[PDB]
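These notes concern the structure reproduced below.
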Amino acid sequence: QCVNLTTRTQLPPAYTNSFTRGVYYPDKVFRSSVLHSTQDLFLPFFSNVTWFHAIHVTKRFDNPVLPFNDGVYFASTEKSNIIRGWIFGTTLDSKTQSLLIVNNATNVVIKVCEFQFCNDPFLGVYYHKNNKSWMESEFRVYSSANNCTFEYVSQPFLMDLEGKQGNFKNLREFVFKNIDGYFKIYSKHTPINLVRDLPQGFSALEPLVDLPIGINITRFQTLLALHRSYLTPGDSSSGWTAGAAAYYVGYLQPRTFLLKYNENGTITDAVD
Amino acid sequence: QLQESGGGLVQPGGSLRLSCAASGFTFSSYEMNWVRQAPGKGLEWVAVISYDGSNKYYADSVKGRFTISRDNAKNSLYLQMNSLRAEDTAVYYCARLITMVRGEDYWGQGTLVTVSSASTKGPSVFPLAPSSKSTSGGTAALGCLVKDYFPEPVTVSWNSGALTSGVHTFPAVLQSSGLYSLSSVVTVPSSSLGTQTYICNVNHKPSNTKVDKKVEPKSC
Amino acid sequence: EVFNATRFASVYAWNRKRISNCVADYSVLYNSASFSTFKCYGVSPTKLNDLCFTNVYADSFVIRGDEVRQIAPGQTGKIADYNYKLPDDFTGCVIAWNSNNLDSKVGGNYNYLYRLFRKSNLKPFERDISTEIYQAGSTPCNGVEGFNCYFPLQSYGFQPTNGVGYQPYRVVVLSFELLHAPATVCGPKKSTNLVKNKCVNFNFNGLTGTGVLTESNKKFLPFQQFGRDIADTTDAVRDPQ
Amino acid sequence: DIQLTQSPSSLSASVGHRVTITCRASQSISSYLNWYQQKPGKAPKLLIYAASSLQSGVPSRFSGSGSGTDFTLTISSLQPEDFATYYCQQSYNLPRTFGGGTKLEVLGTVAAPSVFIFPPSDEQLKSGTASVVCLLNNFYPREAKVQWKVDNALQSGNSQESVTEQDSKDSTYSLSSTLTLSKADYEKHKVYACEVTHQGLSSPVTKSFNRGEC
Amino acid sequence: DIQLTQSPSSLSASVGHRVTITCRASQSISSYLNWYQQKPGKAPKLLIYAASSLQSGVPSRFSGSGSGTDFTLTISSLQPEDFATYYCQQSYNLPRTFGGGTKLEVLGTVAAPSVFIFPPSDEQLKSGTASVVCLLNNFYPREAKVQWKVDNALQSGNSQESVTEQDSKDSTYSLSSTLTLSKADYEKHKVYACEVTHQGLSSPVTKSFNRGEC
Ligand SMILES: *[C@@H]1O[C@H](CO)[C@@H](O)[C@H](O)[C@H]1NC(C)=O
Ligand SMILES: *[C@@H]1O[C@H](CO)[C@@H](O)[C@H](O)[C@H]1NC(C)=O
Ligand SMILES: *[C@@H]1O[C@H](CO)[C@@H](O)[C@H](O)[C@H]1NC(C)=O
């Protein structure tokens, strides 16, 4: 399936501050109107998070392989469902099992296989002007899935695949941990109006899902959708537009935090 | 199921390509054979090919001239025919011949080939017109002798089928021109020869030449 | 899906199905009166409902009724040698039943085959679908069948009239696999009723204690399962049913 | 090479007859000698997939035997479809090879005789030829002699014949045969007859066909 | 109640053969199925219990299998001491029930056919009865057939037989059988014979036993 892209320009690594983002409920315990101390893997307060983004203006599209370390805080700020998922694993080359999560435009999919991934994996919405619409048209994530050992697909849906004007409007925050052969996911959606950066303020990530997968994860790699159309050069490697989206990553570290629990048992504040 | 195809009528020194579609069984697992049969002769082995197609073998008549080949992905056998001879005038059957180990044999319906310099032409039509020359009580042969047509079949019948009682039809003779001929008959009472009109309903159907012709009993 | 499949494999080409991430009631199989054979090695069916595994493999095929004898540890003969071999430390169950009325045909059924000839015996759980002509003698048979050159697979000929040892039997082998990973397959777990307003000994979903249970005025977030107070004693719980 | 020798090239029988045909290979072939039935030009039906091994769904009345050079096909009691050709074929080595197939051609052995005799037709005169027709028709044998009388000589070499097989209801063949003569030959000649000598009758039978002279 | 069917009712073998016999239950009995051997006029000896467990001191060439409704006993390499009758028995519930045991009767299976037959003796005649002595002797296959010829009618219902047991060295049986007739019948008729339709030979054999007629 795979294609190496070209026309991507080269720029320095950007950074921004975490501003107390990225706490999550550490256990399934209700506590109310109390302050509680926990030692756990947390994103440190006021930390520098590496900033990655896709924009045309120039000609910037941005999904490198990154380390996983002890665990990852991840956030997307976007308006167009450009960030679509991730690869996690170690060798990423079918010589070991590895984990795919992807929102295909009608289906959330999770798989664990000996995937031969692309060196440059992506999705691609095409503006089919005969159909008068964008639609997902170019799944290019792996060549093969040589053995498999877990599978999941959600019940089907659709999404807008937006040529959206204005600033970023959705913030989606995630935390990923891999502990005792469980891959644990926490998340939070929030509506935003910020033009570029990661926003200040506070909200805890709630436990989303927890997957019983025995694998070693050491590296990860995000999946983004190209925009493609009759206005582009059309050519497989270069006839594409980046859309407009940004995402941020930071690493969890063993820290003691003091968490403030509401009368309803939500986290409402914390001290690093 | 097996279905041979690509047979036909061709000149000496020519080429032709047979094919054979396989259905309802795992063609890809087996040796697959060509066999042929010239008209009125015994069965003749032509060739065989291995399951994977890796090896090919032949009888000495077709050796070097022909090729046996297979498309397992298409469940299809082939015979390339080249430098055609009178030898190659046969029905060609495509088959899984069994040898010692129990399994289900398959043979196709067989595809016809004829090798001759001739051309598609109608029934040259010669009705048997029984008269003082030949009439004998309850016996008088009407009929036709029919000639000069290259594709093998001529249909023949009597008074447009109304004279079927006592019909007989006899194997064809290939003429030295490369055109076939045959004899066909009805044996009728001499007393009936004043009643019916008597037509010989020849049709060389590959020429589409219906030439149904009056028969003249009690002539001379 | 395994036991009521419409058509089974030929034994030389035996299917394998992998089971994971589900609740397995083995005793619902075992109590089904269907089976001519149900034999377990290293386990007992009643105890299987208490165990957990990373995967279970279900292997399945048709063989002749008298050959069922060979589907066991330490066995030998054309099935055990050339078609399907269990390891001699097998841990699992073999299930079989007569399928004469499904798998025989009045004209004889020849859809089912088995490997008649091989160079050597299979390894445990090895499989061999190769259709290369077996050289019994000295000539390289060169993909041609003849004097010392045999097609390696032979059909059974299941007529409905066959004597019982010659009738077709459907077979399933269950292998239980425990790895260094989460145990995704387990037997079902029994619940009693609730008993409010009495001193009882309790187990909510692995959380255990003794106490009096009563309906609470407080309400948790949808992912939370129990409450603790400022001293870290458990003051409330959510009923999993 | 290995060559095959069906001891009957042809047979005659009736329904209910136990029948055997035998085939000899030119050299030893162990048990590698298949047998087939063929109705004329139809796809050959495998009866026996070795010297002895009866094929799937083949009727129980058939059986094979043999070793080395010598082999049999048997039919325990003959039935109407068994009035057919039968082929041995060796399965031992290349080239795969077939016997001269035993034709059990006489659909009901019986004796019912017949004759007929027809000119080079008046409606054949226009051909630029005389094509005479001896026509012993509904005769029990395939066996009969035909003779000619054109300018009183008996013609030979310059002739053809073809026979319709033993009829299923009548248990009789019919023969057609033809001396053929160009415009030059047929107007040179003026006395004609054809003579049918089917030995199921007591005599040759003939008539004064006389092309241009009747 | 649970019914056990033992499939081969009798067997023939020779030393060093593997042998298998099978037992099948009218409902599932898990593994509750014993196997016994009995030699003539001895008590039964237990070989296998559960369905697979070899009993104390039994030779390792015996083995059992099954769990459910179908069970097998096998003998790995048969020996002269093994030719006996074998019974399965279910241990599952009351009444305890046995299969109709398989007889492994033919030691050293061979083929030698034989016949002989003998009259209703004069040294028997004094009884006021006739008793014919049909007598096929040292024949290999236990199976044989007998008929009669008194005034050349074939007698029926009026007969008995007994076979002397499978000969230890010959592996041949011998048979005695007797039509037996009153004074009135044995003088009313005058031609006699047994006819031995011995399957081991190509034909029946019969001899003029002629009570009151020699
Ligand atoms: C699957 O895993 C097995 C066992 O490690 C390996 O032999 C095989 O090459 C892998 N790939 C495929 C396509 O089976
Ligand atoms: C507690 O939850 C209820 C229901 O969502 C809400 O009305 C109330 O304002 C919450 N209280 C606080 C202090 O968050
Ligand atoms: C559990 O099952 C019962 C009985 O069908 C049903 O009433 C109840 O709503 C179910 N609860 C959950 C959490 O599925």
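Note on naming: letters A, B, ... go to the chains in the order of the sequence lines (proteins, then strands), and numbering restarts at 1 for each one. In listed order, ligands and their atoms are each counted from 1. Computed from heavy atoms alone, side chains included, the values below leave out hydrogens, waters and symmetry copies.
Side-chain rings of A/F150 and A/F183 stay apart, their centers remaining 6.0 Å or farther from each other. Taking the centre of each ring, A/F45 and A/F257 come in below the 6.0 Å mark. Note: C/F8 and C/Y112 fail the aromatic proximity criterion, with ring centroids not under 6.0 Å apart. Aromatic rings of A/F42 and A/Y24 (six-membered ring for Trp) have centroids within the 6.0 Å cut-off, being under it.
To the nearest 0.5 Å, atom CZ of residue A/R31 and atom OG1 of residue A/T266 are 12.5 Å apart.
Near A/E114, meaning under 4.0 Å from any of its heavy atoms, are these atoms of ligand 1: 1 (C), 2 (O), 10 (C). With ligand atoms numbered from 1 in the order given, ligand 2 contributes 12 (C), 13 (C), 14 (O) to contacts under 4.0 Å with heavy atoms of A/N262.
Atom 11 (N) of ligand 3 has as its closest protein heavy atom C/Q241 O, 2.9 Å. Protein heavy atom nearest atom 3 (C) of ligand 2, with residue, atom name and distance: A/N264 ND2, 3.7 Å.
Note that atom 1 (C) of ligand 3 has protein non-hydrogen atoms nearby, at separations under 4.0 angstrom. Closer than 4.0 Å to atom 13 (C) of ligand 3 lies at least one heavy atom of the protein. The protein does not reach atom 5 (O) of ligand 3 closely, with no heavy atom under 4.0 angstrom from it. Proximity of atom 9 (O) of ligand 2 to the protein is not indicated, since no non-hydrogen protein atom lies closer than 4.0 angstrom.
When all heavy atoms are compared, the tightest approach of A/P121 to A/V141 is CB-O, 3.8 Å.
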